[PDB]
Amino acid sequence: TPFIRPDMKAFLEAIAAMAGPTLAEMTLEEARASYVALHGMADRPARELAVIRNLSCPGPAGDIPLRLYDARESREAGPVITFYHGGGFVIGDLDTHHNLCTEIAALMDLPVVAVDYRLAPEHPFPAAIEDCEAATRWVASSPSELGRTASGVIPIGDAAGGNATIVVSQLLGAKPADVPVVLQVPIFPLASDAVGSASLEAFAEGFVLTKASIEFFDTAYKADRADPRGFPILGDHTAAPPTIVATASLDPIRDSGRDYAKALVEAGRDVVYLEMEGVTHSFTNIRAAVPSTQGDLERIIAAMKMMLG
């Protein structure tokens, strides 16, 4: 009987009523479409912004599509947020997380560049990481196509995107971009392997992200358990940038985020650890279906402003 907010519980009851196929039982196109449909009906609508612009940058496999969000048509040099969507490195795209990106841009009053990285199974590990790193370095170089100079970058992302956040920050720590990572915001990230964790057993079914979906994602992505680009808990934390780790109390991978924040404290790094009570994985993208999660996102925003000083 873990604590669940009433609005969260109602959403979980509707998902249970829907029932229907697992990700693995669908075709890939169907699986991706169902995620579009879920966030389409569950999230608050897009904020209006001065700038919402599609562009691209070079990557190791070809061009990487990007989307720029900015509440300001013109702005001075400052930190730029570099966002990586979740979806197990298999599903999700620029549209599944579009509304959340507009919200981050609106509430932070900073530019946001979302990365349309290559997906598994067609592009297995480390394709997503390669693209997220390359796009983040490109933004950090203040290209003229972007139209706003970066004094630093802020990697942020949910779930798989929170995994990518941590990996990108480690890769740029080892080999700096043109400006530093000034803050990283992994939201319900995968840092340590969730297999064997207490949270995975406790929340394996009925809490939006399922153990079955995790296994489907594992099989598609094929990240080696010994590779720190797959499981960044294995990385060097001694120079980790300022960090905000946000988890959900009902998340099967909650303990992975607990592990990562503990590792940062162990290494003497500054970290804000926020564990949202009574909500699930995906809370950043279900802000209309579960209205209390808007407040959870706003707490992350407040922590970001504080850590940026």
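From 1 onward, residues are counted along the sequence shown.
Handout entry: Stretch with the higher entry mean CA B-factor, where the candidates are 48-56 and 246-254
Key = Higher mean C-alpha B-factor in the PDB entry: 48-56.
Practice task
Report the stretch with the higher mean CA temperature factor, choosing between 123-131 and 69-77 on the basis of the entry.
Solution key: Higher of the two, by average CA B-factor, is 69-77.
Exercise for the section: Go through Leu107, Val168, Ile187, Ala160 one by one and give the residue whose Cα B-factor in the PDB entry is largest. Expected result: Among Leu107, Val168, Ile187, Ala160, the PDB entry lists the largest C-alpha B-factor for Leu107.
Problem - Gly230, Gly88, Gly196, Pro155, ranked by C-alpha B-factor: the highest one - result: Checking the PDB record, the top C-alpha B-factor among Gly230, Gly88, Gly196, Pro155 is at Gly196.
Practice task
Divide the modelled residues of the chain into thirds by Cα B-factor and specify which third, lowest, middle or highest, holds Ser34.
Solution key: Middle third of the chain for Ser34's C-alpha B-factor.
Problem - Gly235 by Cα B-factor - lowest, middle or highest third of the modelled chain - result: Middle third of the chain for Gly235's C-alpha B-factor.
Handout entry: Among modelled residues of the same chain, the CA temperature factor third for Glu266
Key = According to the entry, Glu266 has a C-alpha B-factor in the chain's middle third.
Problem - Position of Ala202 among the chain's modelled residues by C-alpha B-factor, lowest, middle or highest third - result: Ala202: CA B-factor falls in the highest third of its chain.
Handout entry: For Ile300, the third of its chain into which the C-alpha B factor falls
Key = Its C-alpha B-factor, which the entry lists for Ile300, ranks in the lowest third among residues of this chain.
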